[PDB]
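Proteins come first, then strands; the chains are lettered A, B, ... in the order of their sequence lines, and each starts at number 1. In each ligand, atom 1 is the first atom listed, and ligand 1 is the first ligand listed.
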Amino acid sequence: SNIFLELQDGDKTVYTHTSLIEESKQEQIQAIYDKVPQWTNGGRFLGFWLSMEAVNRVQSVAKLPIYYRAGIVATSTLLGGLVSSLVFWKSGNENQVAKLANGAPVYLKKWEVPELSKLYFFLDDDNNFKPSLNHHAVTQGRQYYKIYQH
Amino acid sequence: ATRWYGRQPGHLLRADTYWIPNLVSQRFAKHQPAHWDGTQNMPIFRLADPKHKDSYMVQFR
Amino acid sequence: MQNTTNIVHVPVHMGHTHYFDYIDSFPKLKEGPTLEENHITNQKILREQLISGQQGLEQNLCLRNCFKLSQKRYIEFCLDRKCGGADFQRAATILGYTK
Amino acid sequence: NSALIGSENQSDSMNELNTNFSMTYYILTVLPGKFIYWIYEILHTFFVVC
Amino acid sequence: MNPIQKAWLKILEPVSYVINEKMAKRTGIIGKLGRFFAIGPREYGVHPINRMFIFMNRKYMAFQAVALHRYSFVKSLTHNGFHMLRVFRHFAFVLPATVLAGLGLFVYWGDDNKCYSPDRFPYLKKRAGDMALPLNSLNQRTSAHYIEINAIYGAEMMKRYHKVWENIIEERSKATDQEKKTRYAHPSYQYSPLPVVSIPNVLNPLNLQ
Amino acid sequence: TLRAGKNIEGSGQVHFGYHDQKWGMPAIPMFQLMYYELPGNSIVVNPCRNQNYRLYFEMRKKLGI
Amino acid sequence: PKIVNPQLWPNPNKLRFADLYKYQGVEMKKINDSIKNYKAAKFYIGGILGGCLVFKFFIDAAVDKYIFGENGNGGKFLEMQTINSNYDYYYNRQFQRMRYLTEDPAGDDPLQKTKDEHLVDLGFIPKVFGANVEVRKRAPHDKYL
Ligand SMILES: CCCCCCCCCCCCCCCCCC(=O)OC[C@H](COP(=O)([O-])OCC(O)COP(=O)([O-])OC[C@@H](COC(=O)CCCCCCCCCCCCCCCCC)OC(=O)CCCCCCCCCCCCCCCCC)OC(=O)CCCCCCCCCCCCCCCCC
Ligand SMILES: CCCCCCCCCCCCCCCCCC(=O)OC[C@H](COP(=O)([O-])OCC(O)COP(=O)([O-])OC[C@@H](COC(=O)CCCCCCCCCCCCCCCCC)OC(=O)CCCCCCCCCCCCCCCCC)OC(=O)CCCCCCCCCCCCCCCCC
Ligand SMILES: CCCCCCCCCCCCCCCCCC(=O)OC[C@H](COP(=O)([O-])OCC(O)COP(=O)([O-])OC[C@@H](COC(=O)CCCCCCCCCCCCCCCCC)OC(=O)CCCCCCCCCCCCCCCCC)OC(=O)CCCCCCCCCCCCCCCCC
Ligand SMILES: CCCCCCCCCCCCCCCCCC(=O)OC[C@H](COP(=O)([O-])OCC[N+](C)(C)C)OC(=O)CCCCCCCCCCCCCCCCC
Ligand SMILES: COC1=C(OC)C(=O)C(C/C=C(\C)CC/C=C(\C)CC/C=C(\C)CC/C=C(\C)CC/C=C(\C)CC/C=C(\C)CC/C=C(/C)CCC=C(C)C)=C(C)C1=O
C-alpha cells in the first residue's frame with residue numbers, strides 16, 4: 001500500500017502516507033481505491049450505451065456527420081466515468097478514508113511526507129536487535145506537524 | 001584468520017542457463033520482493049560454496 | 001594433513017548422491033517467518049517509534065555518542081560539556097547499561 | 001598403473017599388495033568379458049539411437 | 001593506392017628526391033641502402049584486414065537478406081493470402097529477430113558490457129594486479145563512508161589543533177622553568193634547577209606558518 | 001597462496017600424497033550436463049548495499065535540497 | 001602526386017603493356033563508390049543521432065524517477081526480489097552460521113608465539129592456566145554473519 005493522501009484539516013490541506021497507518025486500516029483504504037476503476041469503467045459503459053442509443057434511435061442526431069456522432073459517444077464515455085468517480089468518492093468514501101487516517105501523522109507539504117518502507121534503520125544491539133530509526137548517524141529527530149483528527 | 005575469513009561464503013546469483021534443469025525450472029519461477037531486514041548479508045541468492053544445496057553442480061577448482 | 005579438512009561445530013547432513021557432494025539439510029531446522037512477515041512486524045515497530053519516540057531524542061543521542069568514547073575520563077568530559085552536566089551512572093541507566 | 005609405461009604414481013597402488021577374488025588368467029578370462037559387455041553397450045546404443 | 005599513401009608522398013617529396021635521385025643510383029653500400037629504402041608505391045601494399053572485413057561483410061550480409069526476407073506470420077492467419085496451411089508459421093520471425101540481435105554482438109561482448117562490472121568479482125582481481133582472490137572478497141570490506149569521511153574529519157580537526165597548539169606554546173613560553181617541570185610531572189619527582197642555558201623558542205624549524 | 005604465507009614445494013594439483021584430486025571436467029556430454037565451471041561474473045555485491053542510499057535521500061531533505 | 005623514378009630500368013610502354021597500369025585506378029574507383037554510400041547515409045545516421053539526443057532528455061527524467069521516486073524518498077532502485085523459498089532463505093542463514101563455526105585444525109604455529117622459557121629470563125614467571133571446557137561456541141546475530 002503506497003498511496004499519498006491529501007487531507008483537509010479545516011482550512012489547511014495536509015498530506016500523509018498509508019505506510020504511516022496501521023496495516024488493519026491500509027487494507028480498508030486499498031479496498032476503496034480498488035473499487036474506483038470498477039466505478040469508472042462501469043460509468044464509461046453507461047455513457048457509451050446511453051450515447052449510442054441516442055445518436056441512433058433519435059432521428060435528429062442520426063441525421064448528422066459521423067464525426068459529430070462519434071464525438072458525442074466519445075465525450076459521453078469518459079464523462080460517464082468521471083461522474084461515477086465523483087459519486088463514489090463524494091458519497092461516503094472521501095470521508096471514510098479521512099476517518100481511517102484518524103491517528104496518523106500529517107505534514108504541511110507533500111515533500112516532507114516520508115515513506116516508512118524507504119526509511120533507513122538498523123538492528124539495535126542494545127534493544128534485543130529490534131529495528132530502530134535512531135541510528136548512529138541521526139542528529140535531531142523527525143518532528144512531524146500534528147496527528148490527524150476526524 | 002585468513003582461512004576463516006575465506007570460508008564466510010560469498011553471494012552467487014541464482015540465475016543460471018548453464019544447468020538445463022534451472023534453464024527450464026526458472027522459466028516458471030516467481031520473483032518475489034525481498035524486503036530489507038536491516039542487514040548487508042541477506043542471502044537472497046545462492047552462496048558461493050561447493051557444499052551449498054544450490055551450488056553443488058558448480059565446479060570450484 | 002588433508003588440505004580439504006574442516007572442523008564444524010554444528011550438525012550437518014550430507015547428500016548421498018552420485019557425482020555430487022554437498023550439504024542437503026540441517027538437522028532440526030525451523031523456518032521462521034517470511035520476509036514479508038518480518039517486514040510488517042518491523043513496520044509496526046518503526047511506526048510507533050516515528051510517532052511516539054521522537055520527543056526528548058536529541059538528549060539521548062548525545063548520551064549515546066558520549067559513551068562511545070575510549071576512556072571514561074573523556075566520557076565524563078563529554079557529558080559535562082555536551083549533555084549539559086549529566087551524571088555518568090544516571091545516564092548509563094537511561095541508556096540501559098546498568099545492572 | 002599395470003597398463004602404464006614407466007609410471008611415477010608410486011602412491012597409487014604401485015607399492016601395495018593388491019590381490020583380488022576374481023577369476024584368474026585375467027587377460028584371458030576377465031578382461032575380455034569387460035570388452036564383451038562394452039561391445040554390447042555400444043551396439044545396443046547404436047541400434048537404439050539410430 | 002589510397003589517399004593516406006598520397007599524403008605520405010607529398011610529405012616525403014624531398015625525402016624521395018634524396019633517396020631516389022641521389023642515393024639509389026650511386027654505387028656501394030650507399031646505393032644498396034637507397035635502392036632498398038626507395039620511396040614510391042607499395043609492393044605487396046594490400047591490407048589483408050581491410051580485405052577480410054569486405055569478405056565477411058559481403059558473406060554475412062547475404063545471410064541477412066535470406067533471414068530477413070520471410071513471408072509474414074500475420075498475413076498467413078486469414079488464409080486469404082498465399083498461405084492456407086502453414087504449420088510452422090510461428091517460426092517465421094525467429095531468424096529476423098536473431099539477425100537484429102546480432103547488432104548488439106560487439107556492444108555486448110564479454111561480462112563487463114552486460115552489467116556494472118565494479119559490482120562483480122572479476123573487477124577485484126583486476127585491481128589487485130590480475131591476482132586471484134577469495135570468492136568472498138566483495139563482502140569483507142570497510143565502509144567507503146568511513147574512509148572518505150574520516151579523511152576529511154582528520155584534516156578538519158588538525159586545523160583546530162594547530163590553533164590550540166599555538167596558544168599552548170605561547171602560554172608555556174611565559175612559564176617559569178619551575179612550572180614547566182613540575183606541572184604534569186610525577187608526584188615522586190623532586191625538582192632540582194638546571195644551569196640556565198640559551199635555547200631559542202622556534203615554533204617551526206622550517207620557515208613555515 | 002604463496003603471497004598469503006604458504007610456501008609451495010612441487011607444482012600442479014596432481015597431489016602425490018594424501019589429498020583429494022580434482023581432474024578437469026571430462027569433455028563428454030555426460031559430465032557437461034551435470035557440471036559447469038564457476039562463472040566469476042555471477043559473484044556479486046549484495047543488493048542490500050543500495051539501501052544505504054536511503055541516508056542520502058534523508059540528508060537532502062534535512063538540508064532543504 | 002609525382003613519384004621520383006630512379007630510372008634504373010625502363011618502364012614498359014603503356015600501349016604495349018596496359019594491364020600493368022590498371023590496378024591502381026580500380027582501387028581508387030572502389031573507394032569512391034564507398035564514399036557515395038557514406039554521403040548518401042548522412043540523413044539516416046543523422047536522424048538516429050537526433051533521436052538519441054531527444055531520447056537523452058527522457059532518459060534523464062526516468063533515472064531520477066528510478067532513483068529518487070515520486071517524493072524524493074527512493075524509487076524502484078531500492079527494490080530487490082528473489083526466487084528463493086522461505087526454506088531456502090533459512091537454509092542459507094544456517095549455512096552462514098555453520099561457516100562462522102567452521103574452523104580449521106591446529107591454529108597457527110606456536111613457535112611464532114612468545115615463549116615461556118623466555119619470559120622467565122625476562123623477569124616474569126607465567127602462571128599456567130587450565131582449559132576452559134564449559135564454553136560452547138555459537139554464532140552471532142544474522143547482521144554480523
Ligand atoms: C486520448 C483519447 C483516447 C480516447 C479513448 C476512449 C474513447 C474511445 C471511443 C471509442 C468509441 C468511438 C466510436 C463511437 C461512435 C459511434 C457513432 C456511430 O455512429 O455508430 C453508429 C453507426 C450507425 O451507422 P448508421 O447506419 O449510419 O446509422 C443509421 C441508423 O441509426 C441505423 O438504424 P438502426 O436502428 O439499425 O441502429 C443501428 C445501430 C444500433 O445502435 C444501438 O442501438 C446502440 C446499442 C449499443 C448497445 C451496447 C450495449 C450492449 C449491452 C446491452 C445488454 C442489454 C441486455 C442484457 C443486459 C444484461 C446485464 C448484465 O447500430 C449500432 O451502432 C450498434 C453497434 C453495437 C456496438 C456494440 C459494442 C459492444 C461493446 C460492449 C463493451 C463496451 C465497453 C465500453 C468500454 C468502457 C470501459 C473501457 O454505426 C457505427 O458507426 C459503428 C461504429 C463501430 C462500432 C463501435 C463500437 C465498438 C466496436 C468494436 C468493439 C469494441 C467493444 C469494446 C470491447 C472492449 C472489452 C475488452
Ligand atoms: C595309457 C594312458 C596314458 C595317459 C593317461 C593319462 C592322461 C592324462 C590325464 C589327465 C590327468 C589330469 C591332468 C592334470 C595335469 C594338468 C597340468 C596343467 O597344465 O593343467 C593346467 C590347466 C589350468 O589349470 P590351473 O593352471 O592349475 O588353474 C587352476 C584353476 O583353473 C584356477 O581357477 P580359475 O577359475 O581362476 O581359472 C579359470 C579357468 C577358466 O575356466 C575354464 O576352465 C575354461 C573352460 C572353457 C573351455 C572348455 C572346453 C574345452 C574343450 C572343448 C573341446 C570339445 C571338443 C568335443 C566337443 C564335443 C561336444 C559334445 O581356468 C582357466 O582359465 C585355464 C586357462 C588356460 C587354458 C586355456 C588355454 C588352453 C589352450 C587350448 C588349446 C588346445 C589346442 C590343442 C593343443 C594340445 C597340446 C597343448 O588345467 C586344466 O585346464 C585341466 C584340463 C583338463 C582337460 C579338460 C578336457 C579337455 C578336452 C580337450 C579335447 C580336445 C583334445 C582331444 C584330445 C583327445 C585325447 C584322447
Ligand atoms: C506518438 C506516436 C504516434 C503513434 C501513431 C503512429 C502510427 C504509425 C504506425 C506505424 C506502423 C507500426 C508498425 C506496426 C503496425 C503496422 C500495420 C500492419 O498492418 O502491420 C502489418 C505488417 C506486415 O507484415 P510484413 O511487412 O510482411 O512483415 C512484418 C514483419 O517484418 C514480420 O512479420 P511477422 O508476422 O512474420 O512477425 C510476427 C511477430 C511480430 O512481432 C511481434 O509482434 C512480437 C510478438 C511477441 C508477443 C506475442 C504475444 C502473444 C499473445 C500474448 C497474450 C497476452 C498479452 C499480454 C501482454 C503483457 C505484456 C507484459 O510475432 C511473432 O513472432 C509471432 C509468434 C510469436 C510467438 C507466439 C507464441 C504464442 C504462445 C505463447 C504461449 C505462452 C503463454 C501461455 C499461457 C496460457 C495461459 C492462458 O506486419 C506487422 O505487424 C509489422 C510489425 C513488425 C514490428 C514493427 C515495429 C516497428 C516499431 C514500432 C515501435 C514498436 C511498437 C510495437 C510494440 C509491440 C508490443 C511489444
Ligand atoms: C482485456 C483482455 C480481453 C480483451 C477482449 C477479448 C480479447 C480476445 C482475444 C484477443 C487476442 C488478440 C491477440 C491475438 C490476435 C488474434 C490472432 C488470430 O489468429 O486472429 C486472426 C483472425 C482471423 O480470423 P478469420 O476468420 O478472418 O480467418 C481465420 C480462418 N481460419 C480460422 C480458418 C484460419 O482475425 C482476428 O483477429 C479475429 C479475432 C476477433 C476477436 C475480437 C473479439 C471482439 C469481436 C469484435 C467486437 C464485436 C462486438 C459486438 C459488435 C456488435 C455489432 C457491431
Ligand atoms: C549492420 O549489418 C551488419 C554487417 O554489414 C552487413 C556486417 O558486416 C556484420 C559483421 C561484422 C563485421 C564483418 C565486422 C567485423 C569486425 C570486428 C570483429 C572487429 C574489428 C576490429 C578491428 C578491425 C580492430 C580495430 C582496432 C582499432 C580501431 C584500434 C586501433 C586504431 C586506433 C587506436 C585509432 C583511433 C580510432 C578512433 C579514435 C576512432 C575514430 C574513427 C576513425 C575512423 C578515425 C581514424 C583516424 C585515423 C588517423 C585513420 C554485422 C554483425 C552486422 O550486423
**Q.** Atoms in ligand 5 flagged as close to E/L103, the criterion being non-hydrogen separation under 4.0 Å
**A.**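 So the atoms of ligand 5 that pass are 1 (C), 53 (O).
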Q. With atoms numbered from 1 as shown, which atoms in ligand 5 lie under 4.0 angstrom from a non-hydrogen atom of E/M61?
A.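 Within the 4.0 Å cut-off of E/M61, ligand 5 contributes 6 (C).
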Q: Using a strict cut-off of 4.0 Å, indicate which atoms of ligand 1 neighbour a heavy atom of A/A70.
A: 15 (C)
(Q) Measuring from atom 50 (C) of ligand 5, which candidate in E/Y60, E/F55, E/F106 has the nearest non-hydrogen atom? (A)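 Of the listed residues, E/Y60 has the closest heavy atom.
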(Q) Nearest non-hydrogen contact with atom 23 (C) of ligand 5 belongs to which option: E/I49, E/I4, E/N57? (A)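 Answer by nearest heavy atom: E/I49.
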Q: Check if E/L105 has a non-hydrogen atom at a distance under 4.0 Å from any atom of ligand 5.
A: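 E/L105 does not count as a contact of ligand 5 under the 4.0 Å cut-off.
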Q.
Against ligand 5, does E/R58 come closer than 4.0 Å with any heavy atom?
A. no
Right, does [atom] have protein non-hydrogen atoms nearer than 4.0 Å?
atom: atom 18 (C) of ligand 5; value: yes
atom: atom 4 (C) of ligand 5; value: yes
atom: atom 29 (C) of ligand 5; value: no
atom: atom 52 (C) of ligand 5; value: yes
atom: atom 34 (C) of ligand 5; value: no
atom: atom 25 (C) of ligand 5; value: no
atom: atom 9 (C) of ligand 5; value: yes

Q: List the steps, then state whether side-chain contact (heavy atoms from CB on, under 4.5 Å) holds for E/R70 with E/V66.
A: CA-CA 8 Å; E/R70 299 305 185 199; E/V66 178; 3.7 Å; yes
Q. Would you say A/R69 and ligand 1 have an N/O pair spaced under 3.5 Å apart?
A. yes
Q) Is it true that D/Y37 and D/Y40 have ring centroids separated by less than 6.0 Å? A) yes
Compare all side-chain heavy atoms of [X] with those of [Y] and state whether any distance is below 4.5 angstrom.
X: A/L82; Y: A/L86; answer: no
X: B/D16; Y: B/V58; answer: no
X: D/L4; Y: D/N9; answer: yes
X: E/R42; Y: E/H47; answer: yes
X: G/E79; Y: G/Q81; answer: no

Q) Which bit of A/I66 gets closer than 4.0 Å to ligand 1, counting heavy atoms only: side chain, backbone, both or neither? A)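 Within the 4.0 Å criterion, A/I66 contacts ligand 1 through side-chain atoms alone.
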Q.
Once you restrict to heavy atoms under 4.0 Å, what part of A/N56 touches ligand 1? Side chain, backbone, both or neither.
A.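 Both backbone and side chain.
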Q.
Checking a contact table here: which protein heavy atom is nearest atom 14 (C) of ligand 5, and how many Å away?
A. E/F53 CD1, 3.9 Å
Q) For atom 2 (O) of ligand 5, which protein heavy atom lies nearest, and how many Å away is it? A)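 For this ligand atom, the closest protein heavy atom is E/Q64 NE2, 3.2 Å.
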Q. With a cut-off of 6.0 Å (strictly less than), are more than 12 heavy atoms of other residues, nucleotides or ligands near CZ of A/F4?
A.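 Yes.
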Q: Take atom OH of B/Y18 as the centre, draw a 6.0 Å sphere, and report whether it contains more than 12 heavy atoms from other residues, nucleotides or ligands.
A: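 Not buried by this count: 12 neighbours or fewer within 6.0 Å.
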Could you pull out the N/O contacts under 3.5 angstrom between ligand 2 and the surrounding protein atoms?
{"from": "ligand 2", "atom 1": "26 (O)", "to": "D/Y25", "atom 2": "OH", "distance (Å)": "3.0"}
{"from": "ligand 2", "atom 1": "36 (O)", "to": "D/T24", "atom 2": "N", "distance (Å)": "2.9"}
{"from": "ligand 2", "atom 1": "36 (O)", "to": "D/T24", "atom 2": "OG1", "distance (Å)": "2.4"}
{"from": "ligand 2", "atom 1": "37 (O)", "to": "D/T24", "atom 2": "OG1", "distance (Å)": "3.3"}

Q. Does a side-chain N-to-carboxylate-O contact under 4.0 Å join G/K30 and G/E27?
A.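 Yes, G/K30 and G/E27 are salt-bridged.
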(Q) Tell me whether E/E13 is salt-bridged to G/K2, with the criterion being a basic N under 4.0 Å from an acidic carboxylate O. (A) no
Q) What residue pairs, at least two apart or across chains, pass salt bridge (charged side-chain N to carboxylate O under 4.0 Å, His left out) with a residue in residues 70-96 of chain A? A) A/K90-A/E94
Q: Could you pull out all residues at least two apart from E/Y116 that satisfy side chain to side chain contact (heavy atoms under 4.5 Å, CB included)?
A: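 Side chain to side chain contact (heavy atoms under 4.5 Å, CB included) check on E/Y116 returns E/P118, E/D119.
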Can you give the donor-acceptor pairs under 3.5 Å from side chains of residues 29-45 of chain A to other protein atoms, not counting sequence neighbours?
{"from": "A/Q30", "atom 1": "NE2", "to": "A/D34", "atom 2": "OD1", "distance (Å)": "3.0"}
{"from": "A/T40", "atom 1": "OG1", "to": "A/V36", "atom 2": "O", "distance (Å)": "2.9"}

Q. With respect to E/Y123, which candidate in E/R127, E/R120, E/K125 satisfies the side-chain hydrogen bond (donor to acceptor under 3.5 Å, both in side chains) definition?
A. E/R127
